[PDB]
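The block underneath contains the structure these notes are about, expressed in structure tokens.
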Amino acid sequence: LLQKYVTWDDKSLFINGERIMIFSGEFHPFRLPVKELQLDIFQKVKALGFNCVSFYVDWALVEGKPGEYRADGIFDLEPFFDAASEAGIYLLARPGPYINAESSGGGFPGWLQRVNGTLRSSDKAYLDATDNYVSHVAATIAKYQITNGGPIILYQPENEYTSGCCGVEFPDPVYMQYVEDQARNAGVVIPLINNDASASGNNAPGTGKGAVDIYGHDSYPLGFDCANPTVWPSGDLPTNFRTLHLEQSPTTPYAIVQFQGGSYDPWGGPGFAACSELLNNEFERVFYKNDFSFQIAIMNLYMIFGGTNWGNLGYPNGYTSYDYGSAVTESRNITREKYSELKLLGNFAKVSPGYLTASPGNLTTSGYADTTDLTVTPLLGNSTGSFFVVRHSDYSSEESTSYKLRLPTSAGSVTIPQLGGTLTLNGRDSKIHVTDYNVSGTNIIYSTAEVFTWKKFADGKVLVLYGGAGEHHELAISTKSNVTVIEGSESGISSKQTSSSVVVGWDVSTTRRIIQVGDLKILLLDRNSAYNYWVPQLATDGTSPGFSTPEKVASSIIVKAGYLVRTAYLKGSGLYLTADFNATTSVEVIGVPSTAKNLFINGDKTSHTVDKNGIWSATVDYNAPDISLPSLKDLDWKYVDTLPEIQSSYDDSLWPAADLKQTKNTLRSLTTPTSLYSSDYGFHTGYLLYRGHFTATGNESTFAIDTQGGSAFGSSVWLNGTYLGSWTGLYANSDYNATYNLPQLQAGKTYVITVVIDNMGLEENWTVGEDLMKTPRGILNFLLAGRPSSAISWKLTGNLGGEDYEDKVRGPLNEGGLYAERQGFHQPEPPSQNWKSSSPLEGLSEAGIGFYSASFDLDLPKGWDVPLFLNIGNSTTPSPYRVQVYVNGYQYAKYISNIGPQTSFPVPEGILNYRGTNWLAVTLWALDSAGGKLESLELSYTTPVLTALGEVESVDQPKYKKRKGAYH
Ligand SMILES: *[C@@H]1O[C@H](CO)[C@@H](O[C@@H]2O[C@H](CO)[C@@H](O[C@@H]3O[C@H](CO[C@H]4O[C@H](CO)[C@@H](O)[C@H](O[C@H]5O[C@H](CO)[C@@H](O)[C@H](O)[C@@H]5O)[C@@H]4O)[C@@H](O)[C@H](O[C@H]4O[C@H](CO)[C@@H](O)[C@H](O)[C@@H]4O[C@H]4O[C@H](CO)[C@@H](O)[C@H](O)[C@@H]4O[C@H]4O[C@H](CO)[C@@H](O)[C@H](O)[C@@H]4O)[C@@H]3O)[C@H](O)[C@H]2NC(C)=O)[C@H](O)[C@H]1NC(C)=O
Ligand SMILES: *[C@@H]1O[C@H](CO)[C@@H](O[C@@H]2O[C@H](CO)[C@@H](O[C@@H]3O[C@H](CO)[C@@H](O)[C@H](O[C@H]4O[C@H](CO)[C@@H](O)[C@H](O)[C@@H]4O[C@H]4O[C@H](CO)[C@@H](O)[C@H](O)[C@@H]4O[C@H]4O[C@H](CO)[C@@H](O)[C@H](O)[C@@H]4O)[C@@H]3O)[C@H](O)[C@H]2NC(C)=O)[C@H](O)[C@H]1NC(C)=O
Ligand SMILES: *[C@@H]1O[C@H](CO)[C@@H](O[C@@H]2O[C@H](CO)[C@@H](O[C@@H]3O[C@H](CO)[C@@H](O)[C@H](O[C@H]4O[C@H](CO)[C@@H](O)[C@H](O)[C@@H]4O[C@H]4O[C@H](CO)[C@@H](O)[C@H](O)[C@@H]4O)[C@@H]3O)[C@H](O)[C@H]2NC(C)=O)[C@H](O)[C@H]1NC(C)=O
Ligand SMILES: OC[C@H]1O[C@@H](O[C@@H]2[C@@H](O)[C@@H](O)O[C@H](CO)[C@H]2O)[C@H](O)[C@@H](O)[C@H]1O
Ligand SMILES: *[C@@H]1O[C@H](CO)[C@@H](O)[C@H](O)[C@H]1NC(C)=O
Ligand SMILES: *[C@@H]1O[C@H](CO)[C@@H](O)[C@H](O)[C@H]1NC(C)=O
Ligand SMILES: *[C@@H]1O[C@H](CO)[C@@H](O)[C@H](O)[C@H]1NC(C)=O
Ligand SMILES: *[C@@H]1O[C@H](CO)[C@@H](O)[C@H](O)[C@H]1NC(C)=O
Ligand SMILES: *[C@@H]1O[C@H](CO)[C@@H](O)[C@H](O)[C@H]1NC(C)=O
Ligand SMILES: *[C@@H]1O[C@H](CO)[C@@H](O)[C@H](O)[C@H]1NC(C)=O
Ligand SMILES: [Cl-]
């Protein structure tokens, strides 16, 4: 339409005039702010057989001060795009402005709490607020479009523009047209795709003003209750998606822009381990092949890698981890069985062009399989091949089921197995059986076992098939050649020739068989062996794979290995592999180029042998080095009191006055004389402090206060030095009403009420018109008994400077309003010479907030990817306390002793300096009159990985420097 690089028809996208199935994974650059590790993820995604990544940009992190766009350093999108290009991964850009994403504000900066207009509407005050952000981020995206030689192929305007309320005329075509035009005016010419939250046809082609180019929708059919990870409720597997597609957008490729790849988890939830169990390998093979049954041509998994809600970037209901239960874990490992299962499907799609040109039919409980206990969805092609997606009719069934197939083929209709036996579907599994499947001119008439990959090499063709344990399978090939078993036993392998075919039966075994039919070799694997195979693209013109184009797909090799194979290239007489290892690994290479005489693994020449069938073999030894981690309790811990506000000498004369008589918040008008909403004064993040001055009559008895921080927030209150009490917090409370008893006061004396409030983040704004992102933080009501409300004059602070935030490197959300944070003491090399020697393990003996500093050295070996974790102990029921840990100035843990569940906090290399000095700053807030302390504080590691990753450069880590704007 505006360019010829990315086009489409009813069946699929075309990239440079060639059909491609887009298999994508969601990855948010702001949740892993280390550019070398961004390349790591992209390479792990490419190794799944995927060709695409989808990303959000978080407006709240890049325009913290209105009118100042800052996507630099750790927030630079450009190295992220270069990493995607280097890995050979196309991009779906989703800059918002609204993203939801379990992020603070759903992407919106807290200054949108002062916008006189409905958020996500055609109100001029909202639209004007978005212009600076979109014109920047969309210009940066424009520069990296595929039209300019970059990786970006699709653009999403808005996010799930689906639900409206409260006087908005939803859907507003003027609003969506405006959002689309902002992107176009910045230079975006690639297609626009939306992501309707349900299949509701919103903004579909043909709806006129506000219509996108390709209609997309989302689906989370298993929901977000990770507490019952084995429960698959009846009727939750979608069945009508293709029907809906043909009613809502028949002229565009069927697209699911967010399909479930995991789940979020709230404060106090079951943990992301439970989420990984619910959305495990069984979920993937059943639910993802089900999406294939609808002829999905654009499929994006939310999330593929989740990362970390570091520096308060997350929404209030979520905690620091955003592991998501996804295929790549928070610490970047690919140990989960769901990664390996996903790789099998991803590699199937990469090499099966007939999948896109076939004609999908409706699901059937008879006609294809000989029992109604199975359902079969046919995708019928003629010369280009057919596909048959098999599953249990009751999709949750764990039963083992025997069956036979009746499949049409170019050689006639056939009942399978022809040579005896039955097929088996064991429990929560699904299969894509194929007919007339093209392997570079050799026709596979049928195969019951599933295709992992195939390639044409100079010496012949190779096909890799797999089945689960206990399965009997069968295939037939259009040929007059006979079959020979060239590796493994002939036991269990049966065969027969007809006048123009050969038929082969086999039982799945843990030992590989290789059969040969003419110039076709066929690997017959069990699923668990297939998990260990990889299909890197073979570069001959450099070291980089390139994108998944037809030539570069065709020119790939097959590698059996272990943990990971990243890349492969041919240079002279050398075949080079880059790979990672977590155990001693037997490496095999199938389809070695005829010119190669030497094998290199991670730059090192490696002995190989060649077997009778031309397969190269080598061993890579794994010998983990000594990982020597310092004992965090034995460090030279220095303490400073980070609540000096409750000392009677404290002078708050430089604090901002909370003296606005009118709020600028349209959602909730004031119920106090002046606004005590933090965002009215530009404070949107971290701990908030309020100070209320009054002169006592002497007859004051109680002080009531409604505080609001979001779900699981807490607050504590003091009258001068006297602790009044705390709200210790519950996930179920986003606000709380407390009445505290005052001590006897002296008539005529001045007192100051100090209130500390945990801002858990700003709410999302999922429903258009509800304006829930405007939900204020701070003090909603107060009453000093027998005194008018105007008797208290309030001061407040959050992060120093508010929207004129101090730390341009670490961004606008990283630090809150504690004294120690305002002073910059959380950064490397604080002025702690003359501070007291005390540890968070000793802690506090009364209510309050302590600040702790220590350094430690790491000297971990080069060439190893070693995941490190901060651990906070909770082996027995604790007193209520709250902790933040800053690592070299970056907040990478937020902890609530009484709510949880996170005790283990991954911190990536780059934030940590693996061969240098590191700084921990810990805040301990005891919401208890007896005080509190840490049970234990420990640095740990998991399996070291012998890695191909280059050196991880440390991100910028500005050291402590005195701040003139501070209140001292
Ligand atoms: C180096 O990197 C390697 C990757 O390259 C990495 O290797 C991977 O390691 C992970 C573990 O970290 C492996 O995943 C696990 O695999 C377990 C072993 O079973 C696998 O292998 C068997 C053959 O050797 C197969 O027979 C088996 O298939 C069968 O079971 C499948 C899943 O249940 C099923 O889909 C198949 O159809 C078939 O029936 C399988 O492939 C596996 O048992 C384990 O399963 C569970 O764990 C998951 C959560 O992590 C859940 O998603 C899943 O539902 C299972 O949960 C159960 O077990 C948990 C304990 O681990 C409990 O927490 C759960 O509550 C639940 O427990 C119930 O059921 C249990 C069995 O009855 C029992 O414990 C209880 O009684 C309870 O009722 C998991 O998927 C992965 O396969 C490896 N990948 C490769 C490629 O090898 C290696 O670890 C790395 N090394 C180092 C040192 O870091
Ligand atoms: C250190 O160790 C200690 C000791 O082991 C740990 O302390 C324990 O921490 C538990 C987890 O925080 C805590 O359990 C909680 O207790 C409260 C009540 O006091 C309860 O509300 C919690 O259950 C809900 O919330 C969680 C999410 O936080 C959900 O996963 C769960 O399904 C429940 O959800 C319901 O309420 C939510 C909000 O109200 C809703 O969003 C949700 O949809 C659902 O609502 C429906 O049901 C409600 C009734 O259940 C009802 O309001 C309505 O009908 C709704 O439809 C959870 O049980 C333990 O109390 C605590 N134990 C002790 C001995 O202190 C500590 O966490 C550990 N720390 C770390 C760091 O690991
Ligand atoms: C792949 O990535 C995922 C996500 O990043 C990794 O999964 C996380 O792994 C960590 C580390 O194993 C895990 O945290 C542990 O959970 C255990 C509960 O299931 C806890 O028992 C354990 O705490 C103990 O060990 C710590 C040291 O590691 C101590 O500091 C801590 O105080 C606890 O130690 C006490 O208890 C143990 C035994 O109970 C005893 O031996 C000690 O002496 C002491 O008394 C950790 O909290 C997370 O739960 C995992 N997160 C998720 C979401 O799954 C996974 O490990 C990565 N895999 C690889 C191979 O890298
Ligand atoms: O990680 C969750 C994911 O949710 C997506 O949105 C919503 C979900 O929150 C719910 O309210 O409705 C539908 C179905 O569950 C779902 O699309 C959202 O687009 C993402 O940004 C995430 O928040
Ligand atoms: C099979 O692949 C070959 C080689 O790429 C191609 O020339 C041929 O047209 C394909 N056949 C069918 C029926 O799609
Ligand atoms: C085909 O191969 C099978 C197994 O090796 C064998 O039984 C059969 O005799 C062969 N057929 C011919 C015609 O050689
Ligand atoms: C209470 O503390 C303030 C400063 O926070 C101080 O100026 C005032 O004198 C104190 N009042 C009493 C009665 O000690
Ligand atoms: C928003 O603007 C209207 C119209 O000018 C005005 O009446 C109202 O007071 C404003 N509200 C806020 C909260 O600023
Ligand atoms: C002091 O407060 C008490 C309790 O509210 C009230 O009964 C009494 O009248 C008050 N005394 C004075 C002197 O104002
Ligand atoms: C606190 O009181 C206010 C005003 O009376 C009320 O709106 C709110 O629901 C109360 N909050 C809780 C958590 O009870
Ligand atoms: Cl200060």
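As the structure lists them, so they are numbered: ligands from 1, and atoms in each ligand from 1. Worth knowing before you read on, the calculation uses all heavy atoms, side chains too, and leaves out hydrogens, waters and symmetry mates. Numbers for residues simply follow the sequence, beginning at 1.
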Test side-chain contact (heavy atoms from CB on, under 4.5 Å) applied to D323 and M303, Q902, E330, the passing residue: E330
Salt-bridge present (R691, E645; N to O < 4.0 Å): no
Proximal atoms of ligand 4 relative to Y324 (non-hydrogen, under 4.0 Å): 1 (O), 2 (C)
Side-chain H-bond candidate by donor/acceptor type, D236 with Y395, under 3.5 Å: no
Close N or O approach (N100, ligand 4; < 3.5 Å): yes
Step-by-step side chain to side chain contact (heavy atoms under 4.5 Å, CB included) determination, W59 to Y98: CA-CA 8 Å; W59 176 17; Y98 184 73; over 6 Å; no
Per atom 5 (C) of ligand 4, closest listed option by heavy atom (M303, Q258, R94): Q258
Given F27, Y220, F259, the one that forms side-chain contact (heavy atoms from CB on, under 4.5 Å) with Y302: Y220
Result of checking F224, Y319, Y264 against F272 for ring-ring contact (aromatic ring centres under 6.0 Å, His included): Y319
Residues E490, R513: salt bridge by 4.0 Å N-O rule: no
Sub-4.0 Å heavy-atom approach of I99 to ligand 4: yes
Any N/O pair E764/ligand 4 closer than 3.5 Å: no
Option with minimal heavy-atom separation from atom 2 (O) of ligand 7, where the choices are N720, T754, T722: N720
Best match, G261, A101, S163: closest heavy atom to atom 21 (O) of ligand 4: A101
Aromatic plane relationship, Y126 with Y175 - under 30° parallel, 30 to 60° tilted, over 60° perpendicular: tilted
Heavy-atom gap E490 to ligand 6 smaller than 4.0 Å: no
Atom 9 (O) of ligand 6 [closest protein heavy-atom partner, distance rounded to 0.1 Å]: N482 ND2, 4.8 Å
Heavy-atom protein contact below 4.0 Å for atom 11 (N) of ligand 6: yes
Under-4.0 Å salt bridge between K774 and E764: no
Residue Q497 vicinity, atoms of ligand 6 by number, heavy atom under 4.0 Å: 11 (N), 12 (C), 13 (C)
Any N or O of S495 closer than 3.5 Å to N or O of ligand 6: no
Sub-4.0 Å protein heavy atom near atom 10 (C) of ligand 4: no
Nearest-neighbour protein heavy atom for atom 23 (O) of ligand 4, which is reported as residue plus atom name and distance: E102 OE2, 2.5 Å
Nearest neighbour in protein (non-hydrogen) for atom 7 (O) of ligand 7: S648 O, 4.0 Å
Top protein contact for atom 13 (C) of ligand 7, by heavy-atom distance: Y751 CE2, 3.4 Å
Contact with ligand 7 for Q746, non-hydrogen, under 4.0 angstrom: no
Stepwise side chain to side chain contact (heavy atoms under 4.5 Å, CB included) test for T695 and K749: CA-CA 6 Å; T695 302; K749 293 279 181 285; over 6 Å; no
Protein heavy atom under 4.0 Å of atom 13 (C) of ligand 4: no
For atom 5 (O) of ligand 7, closest protein heavy-atom neighbour: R691 NH2, 3.0 Å
Those atoms of ligand 7 less than 4.0 Å from some heavy atom in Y650: 4 (C), 5 (O)
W925 and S716 side chains, donor-acceptor separation under 3.5 Å: yes
Under-4.0 Å heavy-atom contact with ligand 6, by part of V483 that carries it: backbone
